[PDB]
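A.B. asks: Before anything else, here's the structure in question.
Any read-out appearing in this document is the output of simple, stated calculations on the displayed coordinates, not a laboratory observation. Ideal geometry is used to build each Cβ from the backbone, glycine not excepted, and the neighbour counts take in all protein chains shown.
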Amino acid sequence: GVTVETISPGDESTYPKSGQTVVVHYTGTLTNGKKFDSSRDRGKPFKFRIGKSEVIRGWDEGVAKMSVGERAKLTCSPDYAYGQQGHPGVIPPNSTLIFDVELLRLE
């Protein structure tokens, strides 16, 4: 489903709750490394409510395993991303997605 590989540890104490507003910096790429999204390129931290299907399932599952300050690679299989259909023009069918995600703070 989703694999979380820690790059830099968080505090292992402060974890997102269901419905909580979470603030991340992230970069998403295809497994060939082609980038398709980045809050870092936008120069703005990205906010979303976790556990509300506001983002792909890999994020809801994976970011919930991160603690504040953690930086990790999240690898989301198609079933936890955009599936067989994909996102025409952006994500091919049956694509695994790799996200570099830093959990900056909870709100």
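A.B. asks: How large is ³J(HN,Hα) for each residue in the range 74-91, as worked out from phi by the Karplus curve 6.51 cos²θ - 1.76 cosθ + 1.60 (θ = phi - 60°), to whole Hz, x for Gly and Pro?
C.D. replies: 9, 9, 10, 5, x, 4, 9, 9, 10, x, 6, 5, x, 10, x, x, 10, 10
A.B. asks: Just to confirm the filter: which trypsin sites (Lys or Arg not before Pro) across the range 1-37 are DSSP coil and have at most 15 other Cβ within 10 angstrom of their Cβ?
C.D. replies: Listed in order of number, the matching sites are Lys17, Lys34.
A.B. asks: Note down the relative contact order for the range 44-85 as a percent, whole number, built from C-alpha pairs under 8 angstrom at least six residues apart.
C.D. replies: 35
A.B. asks: Same structure, new question: Kindly identify the range 1-63 as rounded, prolate or oblate by the Cα gyration tensor criterion: order the square roots of the eigenvalues as a ≥ b ≥ c, call it rounded if a/c is under 1.5, otherwise compare a/b with b/c, prolate if a/b is larger, else oblate.
C.D. replies: Rounded.
A.B. asks: Next up: Testing the spin-label approximation: label points 7 Å from Cα along Cα→Cβ at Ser77 and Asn94. State their distance in nm.
C.D. replies: Taking the simple label geometry, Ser77 and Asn94 are separated by 1.3 nm.
A.B. asks: If you average 1/r over all unlike Cα pairs in the chain and invert the result, what Kirkwood radius do you get in angstrom?
C.D. replies: 13.7
A.B. asks: A further question on this structure: Between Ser18 and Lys52, what length in nm is gained on full extension when 0.36 nm per residue of separation is reduced by their alpha carbon distance?
C.D. replies: Full extension from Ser18 to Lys52 adds 11.5 nm.
A.B. asks: Another one. Please enumerate, by chain and number, the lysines with C-alpha under 20 Å from the C-alpha of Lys52, excluding those fewer than 8 residues away in the same chain.
C.D. replies: The reachable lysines, counting only those whose Cα sits under 20 Å from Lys52, are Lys17, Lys65.
A.B. asks: Relative contact order for the chain: what percent, with Cα pairs under 8 Å and sequence separation of 6 or more?
C.D. replies: 38
A.B. asks: In sequence order, what are the phi-derived ³J(HN,Hα) couplings for the range 26-36 according to the Karplus relation 6.51 cos²θ - 1.76 cosθ + 1.60 with θ = phi - 60°, rounded to whole Hz, with x for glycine and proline?
C.D. replies: These are the phi-based 3J(HN,Hα) values: 8, 9, x, 9, 6, 5, 7, x, 4, 7, 10 Hz.
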